[PDB]
Each structure stands twice: as C-alpha cells, then as structure tokens.
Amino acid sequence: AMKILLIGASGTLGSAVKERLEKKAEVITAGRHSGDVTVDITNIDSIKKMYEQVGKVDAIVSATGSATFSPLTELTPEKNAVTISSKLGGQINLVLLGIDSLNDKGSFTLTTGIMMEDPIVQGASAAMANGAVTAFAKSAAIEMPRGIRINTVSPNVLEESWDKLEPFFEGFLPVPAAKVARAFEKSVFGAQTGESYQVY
C-alpha cells in the first residue's frame, strides 16, 4: 500500500515520472497551480501546509524547480535569487520540512541536471542549483533518521523538449523522459542513498 508524494507531476519530466510510479504505488500529486494538493515551493508556509494536508507518506519526489537563464554578464544577484528561492532553496526546503512526513525507510528524490557537469551559455544559475542540491543530498544521506534515504536524479536535456531547447544545447544528444523516469523509480524502489543518478 505504498504512498508517494510527487511534486511537479504536471511538467514534462514530472508526468513521465508519474507514469512509472503509479503502476506500483498510490501517487499524491502536488504543484503550484494543479495537483491533489497545491504548493508554492518558494514559500515555507505553503510547504508546511502541504505536509499537514498530505500526512505520512513513504517517498517524497521532486520533479520541480525553476532557474533563471541569463548571460553571465547580465546575471545580477536579483535575477540569481529566483533560482536560489526555487530550484535550489525550494527543493532543499521540501527536505528540511518533510523529514517528519516520511515513514521509516521512506525516501526523498530531488532533481538536478547535466548543466553542473556539462556547462552551457546562460546556464551558470541552473548549474549553481544543480551543484547545491547534489552536494546537500550527498551530505544529508549520512544524517537521515529512521532508515530514510535521499538521492538525486540528473537529467540531460529531454527529447520531449528538444524542439524548444536545442538552440541552448547545440551538439547535445537528448534523452527520453521515460528513461529519466526510470532513475526516479530506481531511487524510490531501490535501497541506495546519497547517490546522484546521471541520465546523460
């Protein structure tokens, strides 16, 4: 009777993750504007209320988070802050505020991405977030109570986004969202922790 809170279920990645997870578990979806529950991951009061409504689950999965894309020389601290509050801080806050919502031996899975290891123009801000979430999870894994696990999934650019994203990722070879969704399933239904699962 396994129960998974999936935040970001309506996105491209999120919907491919839901497709795989829902075949073996009861998925509760959450998103900014749609889902079984709504949540603004940039607002800690919102995250706290989502956890109140949701109750106890076995896995919390984040396929969500926004980053500013800007040329470096026009990336100001003010623009950079939107990434910090969402793809970086928002994801990390789900963990900081969600540990008590997981059953024993439950898991967290967060999203990162290839831009941290394979940089592109406009991508410094996304890279920052990806590095931050990867390292936070590696470290947090050693301190989780009650047998809880935490991993990250690092996607390449998705085939399903190649039409819109190719000019940003010239010479890259995109990956299917369904291939990426498999690493989320590996995280949820596997037993490893502190891993960064690359789907490049």
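All residue numbers are counted from 1 along the displayed sequence.
Looking at the C-alpha B-factors along this chain, the one for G190 belongs to the lowest third. In the deposited entry, the Cα temperature factor of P176 sits in the bottom third of values across the chain's modelled residues. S101: CA B factor in the highest third of modelled residues in this chain (values from the PDB entry).
Annotation for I44: C-alpha temperature factor in the highest third relative to the rest of the modelled chain, per the entry. Among the modelled residues of its chain, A135 has a C-alpha B-factor that falls in the lowest third according to the deposited record.
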